Amino acid sequence: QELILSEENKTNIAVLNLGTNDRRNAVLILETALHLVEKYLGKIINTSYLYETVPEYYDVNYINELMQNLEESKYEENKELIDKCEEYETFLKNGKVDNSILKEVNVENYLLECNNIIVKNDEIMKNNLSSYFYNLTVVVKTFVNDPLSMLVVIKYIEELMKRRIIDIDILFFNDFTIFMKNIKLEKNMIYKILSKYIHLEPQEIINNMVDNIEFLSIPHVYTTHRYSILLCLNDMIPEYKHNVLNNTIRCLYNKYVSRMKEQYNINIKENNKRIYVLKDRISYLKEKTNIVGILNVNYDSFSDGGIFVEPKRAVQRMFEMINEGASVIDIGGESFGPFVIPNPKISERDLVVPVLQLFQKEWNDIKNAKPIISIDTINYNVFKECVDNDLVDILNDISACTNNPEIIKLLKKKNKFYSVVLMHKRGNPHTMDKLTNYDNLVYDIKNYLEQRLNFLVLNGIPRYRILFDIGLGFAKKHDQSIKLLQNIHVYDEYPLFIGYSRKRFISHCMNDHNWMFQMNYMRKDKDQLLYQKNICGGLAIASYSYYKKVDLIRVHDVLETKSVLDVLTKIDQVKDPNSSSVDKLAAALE
Amino acid sequence: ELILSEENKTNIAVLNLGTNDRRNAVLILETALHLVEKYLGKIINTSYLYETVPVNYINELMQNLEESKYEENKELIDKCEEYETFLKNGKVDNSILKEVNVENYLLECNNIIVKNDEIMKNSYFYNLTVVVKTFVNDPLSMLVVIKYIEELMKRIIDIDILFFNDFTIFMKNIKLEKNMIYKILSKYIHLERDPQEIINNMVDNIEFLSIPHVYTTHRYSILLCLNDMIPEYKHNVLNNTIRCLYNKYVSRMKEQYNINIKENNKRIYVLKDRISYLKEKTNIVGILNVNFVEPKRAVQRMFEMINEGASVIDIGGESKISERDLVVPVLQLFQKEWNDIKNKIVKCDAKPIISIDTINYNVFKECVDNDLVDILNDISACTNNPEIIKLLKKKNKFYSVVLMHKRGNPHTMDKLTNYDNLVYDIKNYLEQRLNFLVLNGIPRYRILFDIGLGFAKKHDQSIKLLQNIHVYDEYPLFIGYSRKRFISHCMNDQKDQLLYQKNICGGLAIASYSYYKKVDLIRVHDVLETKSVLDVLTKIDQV
Ligand SMILES: Nc1ncnc2c1ncn2[C@@H]1O[C@H](COP(=O)(O)OP(=O)(O)OP(=O)(O)O)[C@@H](O)[C@H]1O
Ligand SMILES: Nc1ncnc2c1ncn2[C@@H]1O[C@H](COP(=O)(O)OP(=O)(O)OP(=O)(O)O)[C@@H](O)[C@H]1O
Ligand SMILES: Nc1nc2nccnc2c(=O)[nH]1
Ligand SMILES: Nc1nc2nccnc2c(=O)[nH]1
Ligand SMILES: [Ca+2]
Ligand SMILES: [Ca+2]
Ligand SMILES: [Mg+2]
Ligand SMILES: [Mg+2]
């Protein structure tokens, strides 16, 4: 109509699916699309995990330069933080929204038409008998007037991304039920829709789109039929119930899982893997316990009683940790008055940035696996300098971004996302030991972290880039740090980052030599024993963490910890999973 | 009569030994084992010790025992004909005591059973079975000797006759004339603190005789013991074999009360003189290789390891001067230093168990004669000189033994690496060695298994043995991984003291694995480091 172009200031809620077949580049492609959605469609306000899925039965330098020559949007990009989105709440509850521009169909008619598509598609795949999928859902607060307009823009975005490569579907658009059977749009109509949203500069693209939209189905035809879609939606909007559905997303999800089990004896989760991202690569949730080596610049420079920072010593230590098998380095410093009068002082920034810059330089000078760099800071300005100068990959925020929530804006650039660790604590090092009463220790901390993740996700931080840290020793008695470990299973769905290394609660476990503690100043014989015991105690927690599938463990003793993980991994590497009962029967037989 | 007939007879008896005293269970049951070896015949099978739910005079006792009239022969045996006969119900000679048939036995047993069920309306047991090749003529004579044994030791112990050959006997209203008891006893024992007043107690104590024991098939603890020793055995008076009766009793208890009767009934092994519950603690065995060197230095190292948390010390002088010269003096100095440090007498609890890593008869013999050790760690599983098995027993002492699997010697072993079914070849071998010692009278509960990591195994074979350590879930298990090459083989490449530290840490990983697999003992050089790991994992486990 003309209503499609009738420029009333609408605010709409759309749910999208983003999928690619390209394994090695799945992150780059999917995040590229995320940026294009954020630029051309509205605000990203929810995301699912990334998933590698198996079905029911390229030279990427193009992308990099594509990103520098993009047409401006006709809508303002706004990075401002939000703590709620009223239209999102309305969508979630089916609160009364404005009637659909496009004509709607009734439920029954909708169901029949979708079934027709599924049957027809099922049959074609039989004849066609002459691969991994990567999937991500997003909720978008959109300024686009209707799903046909949005699909038009989506189709434009897909074309921009071509030199399936990328597939962007619309799953929901408000509470609308729509099935438009025959769609041919003339080139000028596509132009005018595109022109309503983009400052169009270019004509090669339009042509390819003309035939590419045969029909429009909202909800997407496959919404309830493809497990991988249910799986993603279940991360984002588990309590959502659309009119066309028999139950909530969560109930539909659980029924699919349980019926796959009851009826086909298939565990559908086994072949559909949750992914998290540390830097720019896929990591499979719960498949690997990574080592994060600790670089505390204060300790490294000043614990011997010296007064100067030694950046070359610090960078050397970093190379040592890389050689010892750390996958990640966590660097931190604190503003410090190093005399007896504490007023002449060196800043956090001067502690860590020069070290990071010398590391970057020294790494570059050896092109003859770069470790992921994490920075343990709560300070906006420090993180901004690091990120602007490409010195770090991950924010490690021990306040869970409550010290300065604005730091969260630094985790998204135009063509980049950064991962973040959120830790639980109460207070600071001076007060925390007293801040120890919890109503329900395990669940208070979990609920705390979940609420922070909900806040970041609302602000367009991708769900799969957010890691949880329970903060061992930070406002927990020794027995409570243990109890948190005893109940580490409550994090089985989440990327988990823990730090037990050299903490007092380990010594609290002890009763009544090749030294693992490199002394900075001479300690008495009993303290050397205590340190050695503490480091071995933590190697015990490394083993536990291995068996509990903790994703990252943050340690001072990298060599020791890697030796433990290598042996446990080797003992787990079972060549034949049936051998043990097969060999058993054979011995009973012979 | 025909009761005291001069005929030299060889029978098979199956005994149950029971006590209520947890603190002294071992000393009491083993005292009884010794008295059974002395007064009844030869022990050729034993069960584990069990804890189930339904002292300074004893040492003195053993000094002034009256002598048996029968020989004690220690030569090793490979087989026992009469036992084979008993196991398969072959033909034996007629019972000199009158038998009853199945129906009558069952009837008379029911009567005892119900009459005892009545006597409820009107907590800890320690159990062990033994198979005895006996010179005693008949089960009634045997019961007389048994009652004597019980009086010598005295409530503190109950010794029942479970089986005696293939016989089915139910004699009621036994009255034994005071002079017959003396006469039966004198036929087996040179009768000369107790005079003849003991015989007075016994006269009332035999009221009837049931073979099989009335409760044989009715108490779980008896079935549990018998299943260890003779699972294929089927007496005429029984529905099926020991094993089936055992399995079908477990099955009843769970599908009729949701009990799972293994929660109350614990298999026990013994390292020295105390009860150890199988699979309930991972003990550390500290390694002292004397091959370090000087007595004083070596002995201070022993004290160092005790304080670091070792329950056991394993000393060896084998991987110029002799093995004997390396180890004996060290163990002598240890024993002296131990006894001096009785300034704190209260820590008589804190004496480490001592294990000697030898295959040399002469070395073990000197250790045992001088009370210098508790355990034989025989890396040949006692195949190098089986005569050493004779040293695992004294008149008032049993020693425990670790049996390890290897092939060849230190020069040849790396080449003897082919196995048809590695995990089960090694396990069956160990079971064969155990059967051999058990047949020779070594209590089953004192025998520990060791897979011999690194001895005739390639690195992947050592790992594979660890992966399948669950096959030892029923056995006391002792392993030594410490500082072995297979650990270093797991390390992913990416200087000497580097490899050394990786290896020590790689072993702490195996300590953790062993903790979770419930390995009973682990043999390590780095005692402090290992103890730290175990304390943490134990703390995590305690809710
Ligand atoms: N909600 C929707 N989102 C995206 N495409 C849709 C939707 N409803 C219908 N379509 C139609 O489906 C076709 C899109 O196919 P696409 O190229 O995305 O791969 P596909 O898997 O073959 O299709 P589909 O997205 O329907 O599964 C187009 O013709 C488009 O009009
Ligand atoms: N096979 C047997 N072994 C031991 N005692 C037996 C046997 N058959 C019958 N008895 C009789 O049972 C009594 C054994 O006394 P004991 O101290 O063992 O108490 P108990 O355990 O209650 O008896 P029982 O062992 O018969 O159940 C004696 O009177 C003994 O004659
Ligand atoms: N995220 C995180 N950071 C830390 N920084 C210092 C000490 N412990 C920790 C810790 O346990 N977790
Ligand atoms: N029982 C035993 N003894 C040993 N002696 C030396 C080296 N390894 C071992 C070992 O693994 N087990
Ligand atoms: Ca935007
Ligand atoms: Ca004997
Ligand atoms: Mg599609
Ligand atoms: Mg009795």
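Rules used in this analysis
Residue positions are given from 1 per chain in written sequence order; they need not agree with the entry numbering, and residues without coordinates are hidden. To label them, take the chains in the order written and letter them from A, then take the ligands in the order written and number them from 1. Only hydrogens and water are removed before side-chain values are computed, so all heavy atoms of the structure are retained for them. UniProt positions are given in the numbering used here, feature names are shortened, and annotations may be inferred rather than shown by experiment. Secondary structure is summarised from DSSP: a helix means a run of H or I of at least four residues, a strand means a run of E of at least two, and numbering begins at the N terminus for each. C-alpha atoms define the radius of gyration in this analysis, and the globule rule sets the expected value at 2.2 Å times the number of residues to the power 0.38. Buried means the residue's accessible area, taken with a 1.4 Å probe over protein chains only, is under 20% of the maximum for its type, while exposed means over 50%, and partly exposed covers the values in between. Methods summary: accessible areas were calculated by the Shrake-Rupley approach with a probe of 1.4 Å, and residue burial reflects only the protein chains presented. Sites may look incomplete because water is not among the atoms; the donors themselves are N, O and S atoms within 2.8 Å of the metal, or within 3.2 Å for Na, K and Ca. Sites are called tetrahedral only when four donors show all angles between 85 and 135 degrees, square planar or octahedral only when four or six donors show opposite pairs over 155 degrees and all other angles between 65 and 115, and irregular in any remaining case. One heavy atom suffices: a residue is near a molecule or strand as soon as one of its heavy atoms comes within 4 Å of it. The term polar contact refers here to a pair of N or O atoms within 3.5 Å; inside protein, the definition further demands a hydrogen-donor-capable atom paired with an acceptor-capable atom, and it admits residues adjacent in sequence only when both atoms are side-chain atoms. Under the grouping applied here, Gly and all other residues not named as nonpolar or charged are polar, the nonpolar ones being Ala, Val, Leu, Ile, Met, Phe, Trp, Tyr, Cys and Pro and the charged ones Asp, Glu, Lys and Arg. Throughout, a residue-residue contact means that at least one pair of heavy atoms, one from each residue, lies within 4.5 Å. Each reported salt bridge corresponds to a side-chain nitrogen of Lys or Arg within 4 Å of a carboxyl oxygen of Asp or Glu. Residue ranges assigned to the domains are those given by an automatic or database domain assignment. Once two parts are brought into contact, the accessible area they lose, counted with a 1.4 Å probe and summed over both, makes up the buried area. Only strands joined by at least two bridges in the DSSP assignment are considered to pair. Angles run from 0 to 180 degrees between N-to-C directions of axes, and those axes are lines fitted to C-alpha atoms, restricted for helices to the stretch in contact. Seen with its strands pointing away from the viewer, a crossover is right-handed if its path from the first strand over the helix to the second goes clockwise.

Deposited coordinates in this entry are attributed by the record to X-ray crystallography, at a stated resolution of 2.3000 Å.

Going by what the PDB entry lists, chain B is known as 7,8-dihydro-6-hydroxymethylpterin pyrophosphokinase-dihydropteroate synthase and is assigned to Plasmodium falciparum. UniProt, in the comment section headed Sequence similarities (unreviewed entry), describes chain B in these words: "In the C-terminal section; belongs to the DHPS family." Quoted verbatim from the Cofactor (unreviewed entry) field of UniProt, the annotation for chain B is "Mg(2+)".

Identification of chain A as 7,8-dihydro-6-hydroxymethylpterin pyrophosphokinase-dihydropteroate synthase from Plasmodium falciparum is taken from the PDB entry. Of the comments in the UniProt record for chain A, the one headed Sequence similarities (unreviewed entry) reads "In the C-terminal section; belongs to the DHPS family." Under the heading Cofactor (unreviewed entry), UniProt records this for chain A: "Mg(2+)".

Q: Hey, could you run me through the overall build of chain B in this one?
A: When its secondary structure is counted, chain B shows 17 helices and 19 strands. Taken against the 2.2 N^0.38 rule, which gives 24 Å for 543 residues, the C-alpha radius of gyration of chain B at 25 Å falls within 12% of a compact globule. Over its C-alpha atoms, taken along the principal directions, chain B stretches across nearly 85 × 55 × 45 Å. Expressed as a percentage of its 543 residues, the buried residues of chain B come to 56%. For chain B, the accessible area works out to roughly 25700 Å², and carbon and sulfur atoms hold 47% of it.

Q: Got a minute to help me understand the coordination of the magnesium ion (ligand 8) in this structure?
A: Expected angles at a metal are 109.5 degrees for tetrahedral coordination by four donors and either 90 or 180 degrees for octahedral coordination by six donors. Residues and elements named next belong to chain B. Note on the magnesium ion (ligand 8): its protein donors are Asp158 (OD), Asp158 (OD) and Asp160 (OD). The metal-donor distances range over 2.2 to 2.5 Å. Around the magnesium ion (ligand 8), the six donor atoms are arranged such that angles at the metal cover 54 to 160°; this shape is classified as irregular. Residue class for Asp158 comes out partly exposed when judged on its relative accessible area of 34%.

Q: So what exactly am I meant to see when it comes to the site of ligand 4 here?
A: Residues and elements named next belong to chain B. Every residue close to ligand 4 is listed here: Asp357, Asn377, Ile379, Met404, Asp450, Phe455, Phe478, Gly480, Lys484 and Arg523. Between ligand 4 and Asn377 there is a distance of 2.6 Å, counted from a nitrogen atom to a side-chain nitrogen or oxygen. Within the contact set of ligand 4, an oxygen atom lies 3.3 Å away from a backbone nitrogen or oxygen of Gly480. Protein chains bury 88% of the 300 Å² of accessible surface belonging to ligand 4 in isolation. Of the residues assigned to the shell around ligand 4, the class counts are four nonpolar, two polar and four charged.

Q: Please clarify how the side chain of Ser419 of chain A should be interpreted in this entry.
A: Residues and elements named next belong to chain A. Assignment of secondary structure puts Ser419 in strand β16 (residues 419–423). Within the structure, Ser419 has its side chain in polar contact with the backbone oxygen of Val277 (distance 2.6 Å). Apart from the residues lying within four places of it in its own chain, the contact partners of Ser419 are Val277, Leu278, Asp393, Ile394, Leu395, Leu411, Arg465 and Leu467.

Q: Whenever I open this one, the pattern of salt bridges confuses me. Can you help?
A: When their charged atoms lie close together, side chains carrying opposite charge are able to pair. Tallied over the full model, the rule gives 49 salt bridges over all chains. In this structure, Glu287 of chain A engages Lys273 of chain A in a salt bridge whose closest nitrogen and oxygen atoms are separated by 2.9 Å. Linking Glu287 of chain A in the loop between β9 (282–284) and β10 (290–296) with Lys273 of chain A in strand β8 (residues 273–277), this pair joins segments that are 14 residues apart in sequence. Among the salt bridges present, the one from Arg523 of chain B reaches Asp357 of chain B, with a minimum N-O distance of 3.4 Å. Each member of the salt-bridge network shares a partner with another, and the members are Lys155, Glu158, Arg164 and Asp167 of chain A.

Q: Can you help me understand the UniProt feature "binding site: AMP 3" (unreviewed entry) in chain A in this one?
A: Residue and element names in this part refer to chain A. As annotated in UniProt, the feature "binding site: AMP 3" (unreviewed entry) corresponds to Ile170, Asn212, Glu214 and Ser217 in the numbering used here. In this fold, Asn212 is placed in the loop between α7 (204–209) and β7 (216–218). Look past the residues within four positions of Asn212 in its chain and what remains in contact with it is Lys155 and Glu159. Of the polar contacts made by the side chain of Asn212, one reaches the backbone oxygen of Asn208; its length is 2.7 Å. Note on placement: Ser217 falls in strand β7. Overall, the relative accessible area of 6% leaves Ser217 in the buried class. The residues contacting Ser217, other than those within four sequence positions of it, are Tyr110, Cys114, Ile170, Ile178 and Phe179. At a separation of 3.0 Å, a polar atom in the side chain of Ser217 contacts the main-chain carbonyl oxygen of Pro219.

Q: It is not clear to me how the domain arrangement of chain A should be interpreted in this structure. Could you clarify?
A: Interface size, as often reported, equals the accessible area lost upon joining of the parts. Residues and elements named next belong to chain A. Domains assigned within chain A are domain 1 (3–271) and domain 2 (282–572). With centres defined by C-alpha atoms, the gap from domain 1 to domain 2 works out at 38 Å. Tallying the contact residues gives 29 residues for domain 1 and 26 residues for domain 2. Taking both partners together, domain 1 and domain 2 bury about 2300 Å²; carbon and sulfur atoms supply 56% of that area. Our count for the contact surface shared by domain 1 and domain 2 stands at one salt bridge. Among the elements of the structure, α1 (26–40), β2 (42–47), β3 (50–53), β4 (133–142) and α8 (227–236) are those that each provide at least two residues to the side of domain 1 that touches domain 2. Looking at the side of domain 1 that touches domain 2 residue by residue, the classes come out as 14 nonpolar, five polar and ten charged.

Q: Any chance you could explain the sheet that holds strand β12 (residues 372–376) of chain A here in plain terms?
A: Hydrogen bonds between backbone atoms are what pair the strands of a sheet, whose relative direction is either parallel or antiparallel. Residue and element names in this part refer to chain A. Taken in spatial order, the eight strands line up as β17-β16-β13-β12-β11-β10-β19-β18 in an open sheet, and their pairing is parallel. On the outer flanks of this sheet lie β17 (466–469) and β18 (497–498), each paired with one strand and no other. Direction of pairing for β10 relative to strand β19 (residues 552–555): parallel, over a ladder of four bridges. What sits directly across from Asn290, in β19, is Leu552. Helix α18 (residues 558–572) contacts β10 and β19 of the sheet and is inclined by roughly 175° relative to β10.

Q: Which parts of the structure should I look at to understand the sheet that holds strand β11 (residues 312–316) of chain B?
A: All names here are of chain B. Spatial strand order, β17-β16-β13-β12-β11-β10-β19-β18: eight strands in an open sheet with parallel pairing. If you trace the sheet from one side to the other, it starts and ends with β17 (447–450) and β18 (478–479), each paired once. Here helix α17 (residues 527–541) sits on the sheet in contact with β10 (283–289) and β19 (521–524), set at roughly 170° to β10.

Q: Looking at this structure, how should I read the coordination of the calcium ion (ligand 5)?
A: Summarising the metal site, the calcium ion (ligand 5) is bound by the protein donors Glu38 of chain A (O), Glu38 of chain A (OE), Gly42 of chain A (O), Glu77 of chain A (OE) and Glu77 of chain A (OE), whose distances to it range over 2.2 to 2.7 Å. Exposure remark for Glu77 of chain A: the relative accessible area of 38% places this residue in the partly exposed category.

Q: Looking at this structure, how should I read the interface of chain A and chain B?
A: Taken together, the contacts link 44 residues of chain A with 44 residues of chain B. With both chains or domains summed, chain A and chain B bury close to 3700 Å², and 62% of this area falls on carbon and sulfur atoms. At the surface where chain A touches chain B, the tally comes to two salt bridges. Across the pair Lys570 of chain A and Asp460 of chain B runs a salt bridge, and its minimum N-O distance is 3.4 Å. In this structure, the connection of chain A to chain B is made through 17 residue pairs in polar contact. For the side of chain A that touches chain B, the secondary structure elements donating two or more residues are α11 (311–324), α15 (478–486), α17 (525–548), α18 and α19 (579–589) of chain A. In terms of residue count, the dominant contributor to the side of chain A that touches chain B is α17 of chain A (eleven residues). Across the side of chain A that touches chain B, the residue classes tally to 22 nonpolar, twelve polar and ten charged.

Q: Can you help me understand the environment of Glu52 of chain A in this one?
A: Residue and element names in this part refer to chain A. Topologically, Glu52 is positioned in strand β3. Since its relative accessible area comes to 5%, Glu52 is described here as buried. Sequence separation of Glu52 and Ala33 is 19 residues, and the distance between their C-alpha atoms is 17 Å. Here the side chain of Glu52 touches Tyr134 through a polar contact of 2.7 Å, side chain to side chain.

Q: I tried to follow the pairing of strand β16 (residues 400–404) of chain B on my own but got confused; where do I start?
A: Residues in a regular strand point their side chains to alternate faces of the sheet. All names here are of chain B. Here β16 lies mainly inside the structure; five of its five residues are buried. Both strand β13 (residues 375–378) and β16 contribute to a ladder of four bridges, which runs parallel. Following the sheet pairing, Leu376 is matched in β16 by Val401. In this sheet, β17 lies alongside β16 in parallel orientation, the contact comprising four bridges. Within β17, the residue paired with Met404 across the bridge is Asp450. The parallel pair β16 and β17 is bridged by helix α13 (residues 422–439), and the resulting crossover is right-handed.

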